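Chemist: Residue numbers (mature numbering (1 follows the signal peptide of the UniProt record, and there is no 0)): 2136 to 2279.
Pasting in a structure now, in structure tokens, and then I'll have a few things to ask.
Following this line, the structure appears as structure tokens:
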């Protein structure tokens, strides 16, 4: 029984060492990230080329600006529910609608800063930043 246990334990230790080796050597996923980033950059170039040829982003920025201006322009002075007009005017003399318009304009500027190129760049940053090989090395040197 002692011999059987010793043989089995030595075999299990050898299997664990081989498993660590296999973990270390199995890193083919790392190849994918670089290719994904490359294609993302290619498409960033392509998209910016297309926009420069068809005014898509200029028109979209104008659309966003005008939509936020319309949201700003909504007047509650004329609105029904008479108290609405009174509250609106009391706000008018307390620059509260000015604060509402400032918030709307800040949101408008931020949204107009949300660009397809920015999204692609952030996605490429996320893909390239992490390396699976570091995680594999950590796994092979911790669990034992």
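Where is the CB? At the ideal position from N, CA and C, for every residue including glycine.
1. How big is the Cα-Cα spacing for residue 2255 and residue 2179?
2. Take residue 2206 and list the residues in its own chain whose beta-carbon comes closer than 7 Å to its own, dropping the five residues that flank it on each side.
3. Alpha carbons only, please: which of 2279, 2161, 2263, 2277 is nearest the one belonging to residue 2170?
4. By a C-beta neighbour count over all protein chains shown, 10 Å radius and 16 as the cutoff for buried, is residue 2203 buried or exposed?
5. Would you tell me roughly how many angstroms separate the C-alpha atoms of residue 2156 and residue 2183, rounded to the nearest one?
6. List the endpoints of the continuous alpha helix (DSSP H) containing residue 2256.
7. Who are the Cβ neighbours of residue 2280 in its own chain at under 8 Å, not counting the five residues just before and after it?
8. Scan the stretch 2210 to 2246 and note each continuous alpha helix (DSSP H) run of 4 residues or more that stays entirely inside, going in chain order.
9. Hey, residue 2211 and residue 2223 are a contact pair by Cβ (cut 8 Å); roughly how many whole angstroms apart?
10. Of all the options 2181, 2199, 2190, 2277, which has the alpha carbon lying nearest to the alpha carbon of residue 2242?
11. Put residue 2138 into one of helix, strand or coil per three-state DSSP.
12. Rounded to whole angstroms, what is the Cα-Cα separation between residue 2276 and residue 2168?
Modeler: The answer reads as follows:
1. Stepping through the chain shown from its first residue, residue 2255 is reached at position 120. Stepping through the chain shown from its first residue, residue 2179 is reached at position 44. In this structure, the CA atom of residue 2255 is about 7 Å from the CA atom of residue 2179.
2. Working through the chain shown from its first residue, we reach residue 2206 at position 71. Closer than 7 Å at Cβ, skipping near neighbours: 2239.
3. Within the chain shown, residue 2170 is the residue found at index 35, counting from 1. That would be 2263, whose Cα lies nearest to the Cα of residue 2170.
4. For the purposes of this step, residue 2203 is identified with residue 68 of the chain shown, where counting begins at 1. The residue is buried, with at least 16 neighbouring Cβ atoms inside 10 Å.
5. Taking the first residue of the chain shown as 1, we reach residue 2156 at position 21. Taking the first residue of the chain shown as 1, we reach residue 2183 at position 48. Linking residue 2156 to residue 2183 through their CA atoms gives a straight-line distance of about 45 Å.
6. In the chain shown, the residue the question calls residue 2256 occupies position 121. Per DSSP, the unbroken alpha helix (DSSP H) holding residue 2256 starts and ends at 2251 to 2264.
7. Since the first and last residues shown for the chain are 2136 and 2279, residue 2280 lies out of range.
8. List check, alpha helix (DSSP H) in window: 2218 to 2227.
9. Here residue 2211 refers to the residue found at position 76 when the chain shown is read from its first residue. Here residue 2223 refers to the residue found at position 88 when the chain shown is read from its first residue. Confirmed, Cβ separation roughly 4 Å.
10. To locate residue 2242, count along the chain shown from 1; it is residue 107. Between residue 2242 and the set 2181, 2199, 2190, 2277, the nearest pair of CA atoms involves 2199.
11. Sequence index remark: in the chain shown, residue 2138 carries index 3 (1-based). Judged by DSSP in its simplified three-state form, residue 2138 adopts helix.
12. As a first step, residue 2276 is located in the chain shown; it is residue number 141 there, counting from the start. As a first step, residue 2168 is located in the chain shown; it is residue number 33 there, counting from the start. If you take the alpha carbons of residue 2276 and residue 2168, they lie about 24 Å apart.
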